[PDB]
Amino acid sequence: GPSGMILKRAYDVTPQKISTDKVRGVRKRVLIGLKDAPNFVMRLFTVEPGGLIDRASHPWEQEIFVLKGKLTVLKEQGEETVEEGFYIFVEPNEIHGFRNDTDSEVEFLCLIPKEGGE
Amino acid sequence: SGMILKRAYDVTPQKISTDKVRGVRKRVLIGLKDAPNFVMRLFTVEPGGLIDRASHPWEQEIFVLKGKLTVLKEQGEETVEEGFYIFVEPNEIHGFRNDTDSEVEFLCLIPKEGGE
Ligand SMILES: [Cu+2]
Ligand SMILES: [Cu+2]
Ligand SMILES: [Cu+2]
């Protein structure tokens, strides 16, 4: 495929609202999406105060790096909070979700294999 | 287990010193033990550190976490800062340098064929 290198400020991508049965109070920037990625995509999620990505599972893994704020991670059993500078690996089919219990925005990078979309 | 949650700083960095890389530390956050498709590394470039120009058959996806990163391109260079992402196409010549007086950090992900 194509050659070259893209270098871009992530906030130059406008954050679009995500609203589904299980997600509320969340916006997403697609940084490296399906139109360019050979194997895996890179997104930057913003969780507004009180926002929720409720427990779910899916047949692909997820790799996360927390960029800003204190993120509550929902597990099959219970929950745990992480903050900026933590990573998360979610195996395929593992139950997971996320909540922002703070009064300021939380931001994290989220990468999945491109078979799971962008 | 099915979910790993960890502070990246606590992962032991590995010093890299070769003919092409000097003044660099690498943390393997999500490695080949765990990754079905792609791995997550965190690089720290010391002041004056260098990852010299190279290419490889796989792409790279980067997010700059701290500092001002100088990106070497096939010709010339471009400096970027915290908050930038970089997508390096397969086979594209690239490298990195830190011309500043403090450490630069970036997240780097590659498909598992590239190793960790
Ligand atoms: Cu998920
Ligand atoms: Cu499990
Ligand atoms: Cu490379």
# chains A, B, ... in the order shown; residues from 1 in each chain; ligands from 1
$ residues_near_ligand --ligand "ligand 2" --cutoff "8 Å" --atoms "only C-alpha atoms and all ligand atoms" --output "list in words"
residues 76, 91, 93, 94 and 95 of chain A; 1, 2 and 3 of chain B
$ residues_near_ligand --ligand "ligand 3" --cutoff "9 Å" --atoms "only C-alpha atoms and all ligand atoms" --output "list in words"
residues 51, 53, 54, 55, 56, 58, 59, 60, 88, 91, 92, 93, 94, 95, 108 and 110 of chain B
$ write_last_selection --atoms "N, CA and C atoms" --output "mmCIF file, in the first residue's frame"
data_model
loop_
_atom_site.group_PDB
_atom_site.id
_atom_site.type_symbol
_atom_site.label_atom_id
_atom_site.label_comp_id
_atom_site.auth_asym_id
_atom_site.auth_seq_id
_atom_site.Cartn_x
_atom_site.Cartn_y
_atom_site.Cartn_z
ATOM 1 N N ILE B 51 17.464 7.178 17.890
ATOM 2 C CA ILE B 51 17.034 5.955 17.244
ATOM 3 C C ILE B 51 17.288 6.221 15.764
ATOM 4 N N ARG B 53 17.825 6.234 11.645
ATOM 5 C CA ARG B 53 17.008 5.862 10.513
ATOM 6 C C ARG B 53 17.054 4.372 10.193
ATOM 7 N N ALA B 54 15.875 3.802 9.986
ATOM 8 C CA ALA B 54 15.666 2.415 9.656
ATOM 9 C C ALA B 54 14.314 2.268 8.949
ATOM 10 N N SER B 55 14.110 1.103 8.391
ATOM 11 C CA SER B 55 12.776 0.730 7.913
ATOM 12 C C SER B 55 12.477 -0.720 8.235
ATOM 13 N N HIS B 56 11.197 -1.061 8.230
ATOM 14 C CA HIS B 56 10.842 -2.459 8.458
ATOM 15 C C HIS B 56 9.521 -2.728 7.747
ATOM 16 N N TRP B 58 6.635 -3.754 8.581
ATOM 17 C CA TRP B 58 5.407 -3.507 9.311
ATOM 18 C C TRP B 58 5.311 -1.996 9.602
ATOM 19 N N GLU B 59 4.069 -1.567 9.791
ATOM 20 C CA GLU B 59 3.726 -0.201 10.182
ATOM 21 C C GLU B 59 4.053 0.018 11.664
ATOM 22 N N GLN B 60 4.003 1.287 12.060
ATOM 23 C CA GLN B 60 4.138 1.690 13.458
ATOM 24 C C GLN B 60 3.093 2.754 13.770
ATOM 25 N N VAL B 88 3.377 5.557 10.826
ATOM 26 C CA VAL B 88 4.480 5.275 9.893
ATOM 27 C C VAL B 88 4.051 4.083 9.028
ATOM 28 N N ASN B 91 7.561 0.091 5.583
ATOM 29 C CA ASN B 91 8.715 0.326 4.760
ATOM 30 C C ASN B 91 9.211 1.752 4.766
ATOM 31 N N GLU B 92 8.514 2.686 5.397
ATOM 32 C CA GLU B 92 8.944 4.068 5.399
ATOM 33 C C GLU B 92 10.140 4.284 6.308
ATOM 34 N N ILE B 93 11.151 4.974 5.808
ATOM 35 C CA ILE B 93 12.321 5.294 6.619
ATOM 36 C C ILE B 93 11.926 6.247 7.714
ATOM 37 N N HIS B 94 12.349 5.976 8.945
ATOM 38 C CA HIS B 94 12.021 6.770 10.097
ATOM 39 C C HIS B 94 13.090 6.585 11.165
ATOM 40 N N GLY B 95 13.200 7.549 12.040
ATOM 41 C CA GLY B 95 14.008 7.466 13.257
ATOM 42 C C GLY B 95 13.630 8.602 14.162
ATOM 43 N N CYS B 108 4.532 3.280 21.441
ATOM 44 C CA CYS B 108 4.764 2.732 20.092
ATOM 45 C C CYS B 108 4.123 1.346 20.024
ATOM 46 N N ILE B 110 3.217 -1.916 17.334
ATOM 47 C CA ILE B 110 3.523 -2.575 16.087
ATOM 48 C C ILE B 110 2.808 -3.919 16.021
#
$ residues_near_ligand --ligand "ligand 1" --cutoff "7 Å" --atoms "only C-alpha atoms and all ligand atoms" --output "number ranges by chain"
A: 56-58, 62, 96-97
$ write_last_selection --atoms "C-alpha atoms" --output "JSON list (two decimals), in the first residue's frame"
[["chain", "number", "residue", "atom", "x", "y", "z"],
["A", 56, "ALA", "CA", -19.63, -5.65, 27.64],
["A", 57, "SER", "CA", -17.51, -8.22, 25.92],
["A", 58, "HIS", "CA", -16.49, -8.76, 22.30],
["A", 62, "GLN", "CA", -8.43, -4.14, 23.49],
["A", 96, "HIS", "CA", -15.00, -4.82, 30.82],
["A", 97, "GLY", "CA", -16.39, -1.31, 30.99]]
$ interface_residues --of "chain A" --to "chain B" --cutoff "9 Å" --atoms "only C-alpha atoms" --output "ChimeraX atom specification"
/A:1-11,31-32,36-42,60-61,63,65,67,75,80,82-96,109,112-113
$ closest_residue --among "B:69, B:32, B:17, B:75" --to "residue B:47" --atoms "only C-alpha atoms"
B:69
$ select_by_dssp --residues "chain B" --states "strand (DSSP E or B)" --output "PyMOL selection string"
chain B and resi 3-7+14-16+21-30+38-54+60-66+68-73+77-81+84-88+94-97+104-111
$ decode --residues "stretch 54-104 of chain A" --atoms "C-alpha atoms" --output "short mmCIF file (atom, residue, chain, number, x, y, z; two decimals), in the first residue's frame"
data_model
loop_
_atom_site.label_atom_id
_atom_site.label_comp_id
_atom_site.auth_asym_id
_atom_site.auth_seq_id
_atom_site.Cartn_x
_atom_site.Cartn_y
_atom_site.Cartn_z
CA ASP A 54 -21.11 -0.17 30.48
CA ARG A 55 -19.93 -3.75 30.88
CA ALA A 56 -19.63 -5.65 27.64
CA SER A 57 -17.51 -8.22 25.92
CA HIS A 58 -16.49 -8.76 22.30
CA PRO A 59 -14.47 -11.29 20.32
CA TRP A 60 -11.37 -9.07 19.95
CA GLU A 61 -8.83 -7.75 22.42
CA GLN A 62 -8.43 -4.14 23.49
CA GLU A 63 -5.27 -2.23 24.43
CA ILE A 64 -5.62 0.99 26.42
CA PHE A 65 -3.30 3.70 27.71
CA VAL A 66 -4.75 6.32 30.08
CA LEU A 67 -3.71 9.84 29.12
CA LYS A 68 -5.61 12.09 31.56
CA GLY A 69 -7.64 11.70 34.70
CA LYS A 70 -8.87 8.93 36.98
CA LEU A 71 -10.74 6.14 35.17
CA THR A 72 -12.95 3.55 36.93
CA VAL A 73 -12.55 0.17 35.25
CA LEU A 74 -15.53 -2.21 35.48
CA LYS A 75 -14.52 -5.86 35.75
CA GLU A 76 -16.45 -9.12 35.73
CA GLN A 77 -16.15 -8.99 39.52
CA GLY A 78 -16.05 -5.49 40.90
CA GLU A 79 -14.16 -2.43 39.78
CA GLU A 80 -10.77 -0.69 40.17
CA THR A 81 -9.57 2.78 39.40
CA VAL A 82 -6.56 3.66 37.33
CA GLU A 83 -5.07 6.99 36.36
CA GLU A 84 -2.87 8.69 33.79
CA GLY A 85 0.10 6.50 32.95
CA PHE A 86 -1.67 3.15 33.38
CA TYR A 87 -2.15 0.64 30.62
CA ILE A 88 -4.89 -1.95 30.31
CA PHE A 89 -4.96 -5.18 28.34
CA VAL A 90 -8.40 -6.75 27.83
CA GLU A 91 -8.31 -10.30 26.45
CA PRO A 92 -10.87 -11.34 23.85
CA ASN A 93 -14.30 -11.98 25.38
CA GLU A 94 -13.38 -10.58 28.84
CA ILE A 95 -16.05 -8.45 30.48
CA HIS A 96 -15.00 -4.82 30.82
CA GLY A 97 -16.39 -1.31 30.99
CA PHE A 98 -15.41 2.18 32.15
CA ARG A 99 -16.90 5.00 34.21
CA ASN A 100 -15.78 8.55 35.07
CA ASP A 101 -16.65 9.19 38.70
CA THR A 102 -14.75 12.54 38.73
CA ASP A 103 -15.72 16.09 37.83
CA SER A 104 -13.21 16.46 34.97
#
